[PDB]
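> return atomic coordinates for the entry below.
(3 chains)
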Amino acid sequence: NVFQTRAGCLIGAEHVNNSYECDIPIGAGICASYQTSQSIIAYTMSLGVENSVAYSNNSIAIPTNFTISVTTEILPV
Amino acid sequence: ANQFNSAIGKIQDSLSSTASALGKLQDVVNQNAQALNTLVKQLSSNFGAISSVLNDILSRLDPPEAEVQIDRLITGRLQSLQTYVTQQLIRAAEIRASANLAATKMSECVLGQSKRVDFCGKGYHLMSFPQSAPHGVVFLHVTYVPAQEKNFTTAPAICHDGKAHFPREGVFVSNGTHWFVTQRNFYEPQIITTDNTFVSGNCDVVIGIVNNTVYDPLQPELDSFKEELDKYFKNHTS
Amino acid sequence: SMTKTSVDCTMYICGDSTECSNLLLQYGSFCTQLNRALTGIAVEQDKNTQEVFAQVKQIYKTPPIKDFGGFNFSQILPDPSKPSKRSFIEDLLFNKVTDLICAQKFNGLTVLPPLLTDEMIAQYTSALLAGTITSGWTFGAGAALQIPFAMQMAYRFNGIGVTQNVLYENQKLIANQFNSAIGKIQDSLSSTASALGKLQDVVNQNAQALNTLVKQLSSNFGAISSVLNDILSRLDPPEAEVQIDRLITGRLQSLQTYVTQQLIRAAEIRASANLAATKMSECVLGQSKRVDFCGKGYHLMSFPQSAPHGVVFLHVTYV
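Residues are numbered from 1 along each chain as shown, chains lettered A, B, ... in the order given. And now the structure:
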């Protein structure tokens, strides 16, 4: 469990090549998360699910359905 | 009705199960709590002197040696209190900045309708519900978001008599056979008419224009009544 | 964002001194308040990148077959042939913004690396560029909706009061005006390197603050000598505690002055980050009708660009 990066030597964590959504940040693009017989793993942060929208001259997408979403924002005063 | 009532019910389930959503307000109380605790703990430090109790310094050391030792705590506790005031002035600029940002959301999102993008929250803003919170305010934002979509075939213009026709409101769509005019935010198929489009330019100045037949709502009404005019004057000549 | 710095009270004031370490315990928790203040700054500086650079949670890409209607986006779009993802405009943005770091780390000043690296910043920018070119204003307020780019400017003109018939007739004229305007950006950034001085001043204020913080250690502050080995190895233990106390009091005020100065600059960088984050949603993601907000003229579309310790906005307006 010895791994080095730009943030320095990190002991007690396993290196994973896959990229998921983590919790405990580290730095220099390397993060940390508790995942599966479970331990702490360190891996490069994931940038989100890749969605490639098709583009064409005559192609257009008009939504046929809608939804009503309610969000909560807490601003201190 | 089922979309709004179910969304409000999820608020009670989110606030009860997750207590960290209000952490924005808990950080204000915890910040002032750590500032008051540290400010008191500085009273027990000697500050390079013999003792931290000024009553013991006066009751033991001589008057000439006491004024030097007592001055060490007075100077130290003064700098420790200036540090507290300095932190409070800095934290005041943070809480007043969030208050000015909240005062703007009360006017634009709640009182009126704000067309700003992602100011009232993600999606197209509709109506905002203010709520009371300790040392703060909670905002409930009702927004309009699309759900499902379908790929359509569009055209920049419709060519009929040789003059280009452009949509007044909405965009052109097609299922592969008929060309319809629908809104961008919602799909409402409508027959292309002279009332929904306007004539500008010609067909040669538009790149990608397609040929179609623009239905004139005045055409069949006048023609059917024109046949009443032809048959009437037919009796005039008979 | 600004450079993340961390300063320890023990090594900065008096290092390798056991007697001075006990004298520091007499002044209480002052280390805790100075360490948590500098730590809180490094956390808020990372939050500025999450509220500005990070906007949409989905990664958008450009189609292989590109017909934009005469526009050339190769300047704003990143170059896949390079080992790191960046565009032609971001080439001049990074090169015109200016070891000193290693020398400051020798005196006990720790420079923490940022959580969000430079490679991920350009990906967030490329995701917002590829989305605006394709999905237009749809992906910001909801699910991504594919729309022809020629139909996108038609709605952007109808929002400012211009009938879309102007676009189809002037499409050849607008193609030359836009491509020539983007070409002036590369000529302005290469010839004039002072347009980015707003970001260079942020680095200069940090360089002057870190260097002056170290230069205060060479001053004696009214004591016998600034070197710890000079006082401890000469004067008696009762006499040395008085002279070292003069070094502690002086170096503590110089350290509290730096922390107080950085907390003030931390409030200034968050004010500009909130102003930049507001332009991300209104000018870039959507279309803002505000006057002199997205820039002079009637706003149409905004193209964000990655920059070191900042962000560059490219606004397209109707004049």
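
> pull up the distance across stretch B:127-138, start to finish.
14 Å (CA to CA, to the nearest Å).

> quick one: contacts of that stretch?
Around stretch B:127-138, the neighbours that count as contacts under CB atoms under 8 Å, 6 or more residues apart in numbering or on different chains are A:72-77, B:22, B:24-25, B:28-29, B:102, B:105-106, B:109-110, B:120, B:139-142. C-beta: built from backbone N, CA, C; applies to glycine.

> can you show me the helices along chain B?
Under the criterion DSSP state H, helices of chain B are mapped to B:2-17, B:23-41, B:54-60, B:63-105, B:218-236.

> now render the ones you listed as TSV, adding mean neighbour count.
As requested, these are exported to TSV (neighbours: other CB atoms under 10 Å in any protein chain shown):
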stretch	mean neighbour count
helix B:2-17	11
helix B:23-41	14
helix B:54-60	13
helix B:63-105	14
helix B:218-236	9
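
> can you put these in a markdown table and add distance to chain A?
Converted to a markdown table, those look like this (distance: least, CB to the nearest CB, whole Å):
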| stretch | distance to chain A |
| --- | --- |
| helix B:2-17 | 4 |
| helix B:23-41 | 5 |
| helix B:54-60 | 39 |
| helix B:63-105 | 4 |
| helix B:218-236 | 28 |
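
> can you pull the residues of chain A lying near chain C?
Counting by CB under 8 Å from any CB of the partner chain, chain A comes close to chain C at A:6-7, A:25-29, A:45, A:47-63.

> what is the burial count for whatever residue of chain B ends up closest to chain C?
Proximity to chain C, evaluated over chain B using CB to the nearest CB, is greatest for residue B:117 at 3.1 Å. Residue B:117: 23 surrounding residues under other CB atoms under 10 Å in any protein chain shown.

> residue C:185 now?
18.

> which residue packs closest to it, ignoring adjacent ones?
residue C:89 (6.0 Å; CB to CB, 6 or more residues apart in numbering or on different chains).

> that neighbour sits in which helix or strand?
helix C:88-95 (DSSP states H and E).

> returning to that earlier point: buried ones only from the residues of chain A next to chain C, please, as a ChimeraX command.
In ChimeraX, this line selects whichever of the residues of chain A next to chain C come out buried by 16 or more other CB atoms under 10 Å in any protein chain shown:
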select /A:7,25,26,27,28,29,45,47,48,51,53,55,57,60,61,62,63
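
> run through the residues of chain A next to chain C and flag the ones next to chain B.
A:54, A:57, A:58, A:59, A:60, A:61, A:62, A:63.

> out of these, which comes closest to chain C?
Nearest member of these to chain C, counting by CB to the nearest CB, is residue A:61, at 4.3 Å.

> how about residue B:154, phi and psi?
phi -110, psi 180 (degrees, to the nearest 10).

> and it, how many neighbours?
23.

> now it: how far from residue B:171?
From residue B:154 across to residue B:171, the span is 6 Å (CB to CB, to the nearest Å).

> identify the contacts common to those two.
Residues touching both residue B:154 and residue B:171 by CB under 8 Å, 6+ apart: A:60, C:151.

> does residue A:60 belong to a helix or a strand, and which?
For residue A:60, the host element (DSSP H and E) is strand A:59-63.

> let me see the contact set for the residue nearest the centre of chain B.
Nearest to the mean C-alpha position of chain B, by CA atoms, centre = their mean, lies residue B:120 at 2.2 Å. When contacts are counted by CB under 8 Å, 6+ apart, residue B:120 touches B:105, B:108, B:109, B:114, B:128, B:141, B:143.

> now do the same contact list for the nearest residue to the fourth one once chain neighbours are set aside.
I take that to be residue B:114. Excluding its sequence neighbours, the residue lying closest to residue B:114 (CB to CB, 6+ apart) is residue B:108, at 3.7 Å. Going by CB under 8 Å, 6+ apart, residue B:108 touches B:114, B:116, B:119, B:120.

> what about the first one, neighbour count?
For residue B:114, the count of nearby residues is 16 (other CB under 10 Å).
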